[PDB]
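Each residue takes its place number in the sequence, starting with 1. Atoms considered below: every heavy atom in the structure, side chains included; atoms not considered: hydrogens, waters and symmetry mates. Remember, it's 1-based here, ligands and their atoms both numbered in the order they're listed.
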Amino acid sequence: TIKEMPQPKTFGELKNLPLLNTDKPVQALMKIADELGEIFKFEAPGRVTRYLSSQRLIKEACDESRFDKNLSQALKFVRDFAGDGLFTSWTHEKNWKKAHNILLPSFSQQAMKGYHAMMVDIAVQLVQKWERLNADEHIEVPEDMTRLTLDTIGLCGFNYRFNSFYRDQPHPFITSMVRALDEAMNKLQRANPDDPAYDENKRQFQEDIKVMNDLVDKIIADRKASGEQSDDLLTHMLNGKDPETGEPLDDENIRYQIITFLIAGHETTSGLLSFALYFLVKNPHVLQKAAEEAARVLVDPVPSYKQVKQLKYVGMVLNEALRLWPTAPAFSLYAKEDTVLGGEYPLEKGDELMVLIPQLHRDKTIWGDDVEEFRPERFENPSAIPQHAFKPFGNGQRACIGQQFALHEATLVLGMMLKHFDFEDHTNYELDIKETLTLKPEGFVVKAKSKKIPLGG
Ligand code: HEM
């Protein structure tokens, strides 16, 4: 029966936006959810959002007949350079359906067999980099895991080598990409956009978009003109036809899809690898069980596809790091028609709901009371986990098309790290989680000692 909905402190006319004027907004909304409960209204000048935290309400918010993906304010800002790629378009835009239908078979677990050798290439570069460190040096974990995921998506994506392990300062496309992304998350905070001084940032944003567009546009043009067939996603987009309409993707959208795979895949997947290594280094018993499995399964100088799939406990370790810190922490929904949530909170057509995934993954009624503990074994039998309890890759037909690509990568890389190195938390690191569109451990450094096992070819 109809209930109330809390609201945090307001600052009249600015309403609750100062509560989000922090460098850590998701972790600040997790402190607010702890004191107000499973749903709360958050209001800013112009918008109203309700944040959901319990599986009880989120299983309802995940019914596709009543709710659909919303383009939140962050995604509308990202659409300026990601366009109508899969991530920043509405389900009912014609290009979302057409790209979804063409790309879906290329992102299956069976299609990972074709991208495997390209993922091993960048994985071996990372391992070889750490093999070659001298005994006085340490690893900057988030920074080499972002080198590893940029280069893997560049090479599986459009067969281009960004050669991030050969540089100190990134290839200028990556610099533009990070800076555009950065600019788009800063426009959220700036309650006074367009003009004062911002027009310098705004001028700069136009140039970063031009660098992205120009490099990708050229790759596509050179590709159609030479016509060689590789096993990257760009050839599957260039030769693919939507079975519903019979149409191909146009060249401008193919570009947006390539920019979208970079921006949607690089930080989420490297954040994941960083958090999994943290929790392993902080939990020696888990590390030993994971390192044992890697040494038993990965018996060849380079892992085969079938060997990565047998790395059952490494997969449980990554699932539990995604429970505790889902690297893309919230997604947004809008009500399709007037409806009631739970049987007690009235919603109107078009109201926005935001799923706060890190809180969902801390619901004591589903996970038990050791919710804050790192226990991979929670996932030993994955069918025993209630529907809509575990949502790190979103929901339904708008879930992460790249789910299988991210988990194969992460399992491959984590299995080879544990196989080849013993790790030491030489500084006794204290977790500080930096927020962008994504979450990562800021400053996590480790020392790796080699077990001197050959990494051949
Ligand atoms: C640890 C890894 C990752 C996590 C946690 C993650 C999570 C997510 C989430 C939560 C969404 C839904 C967002 C929303 O509903 O607004 C999503 C969508 C998407 N992700 Fe991922 N992602 C990851 C890896 C990747 C990778 C590697 C790629 C691509 C190479 C990728 C590409 C996509 C795309 C294109 C969409 C949009 C699908 C659609 O709407 O049709 N993601 N991802």
Numbered atoms and elements of ligand 1 in range of [X], under 4.0 angstrom, heavy atoms:
{"X": "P392", "result": "5 (C), 7 (C), 10 (C)"}
{"X": "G265", "result": "25 (C), 26 (C), 27 (C), 28 (C)"}
{"X": "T327", "result": "1 (C), 5 (C)"}
{"X": "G394", "result": "10 (C)"}
{"X": "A399", "result": "38 (C)"}
{"X": "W96", "result": "39 (C), 40 (O), 41 (O)"}

What part of [X], side chain from CB on, backbone N/CA/C/O, both or neither, has a heavy atom under 4.0 Å from ligand 1?
{"X": "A264", "result": "both"}
{"X": "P326", "result": "neither"}
{"X": "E409", "result": "neither"}

* Looking only at non-hydrogen atoms, find the nearest pair between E320 and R375 and report the distance. =>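 In this case the closest contact between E320 and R375 is OE2-N, 3.0 Å.
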
So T235 and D232, do their side chains get closer than 4.5 Å, heavy atoms only?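 When only atoms from C-beta onward are counted, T235 and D232 do touch, with a gap below 4.5 Å.
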
- Task: Answer yes or no: is there a side-chain heavy-atom contact under 4.5 Å between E247 and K98?
- Result: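 Of all side-chain heavy-atom pairs linking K98 with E247, at least one is under 4.5 Å.
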
For atom 24 (C) of ligand 1, which candidate among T91, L104, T268, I401 holds the nearest heavy atom?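 Checking each option, the heavy atom nearest atom 24 (C) of ligand 1 is found in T268.
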
| query | Quick one: CD1 on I254 to CG on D217, what's the gap to the nearest 0.5 Å? | reply |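 It comes to 10.5 Å.
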
Practice problem: Would you check if there is a donor-acceptor pair between the side chains of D144 and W130 at a distance under 3.5 Å? | Solution: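 Side chains of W130 and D144: pair found under 3.5 Å.
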
Short side-chain donor-acceptor distance under 3.5 Å, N21 and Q189: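 On atom types as modelled, these side chains do not qualify, holding no pair under 3.5 Å.
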
task = Kindly indicate, with the supporting measurements, whether the criterion salt bridge (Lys or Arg N to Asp or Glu O under 4.0 Å) is fulfilled by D338 and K349.
result = CA-CA 5 Å; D338 268 47; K349 195 190 198 169; over 6 Å; no

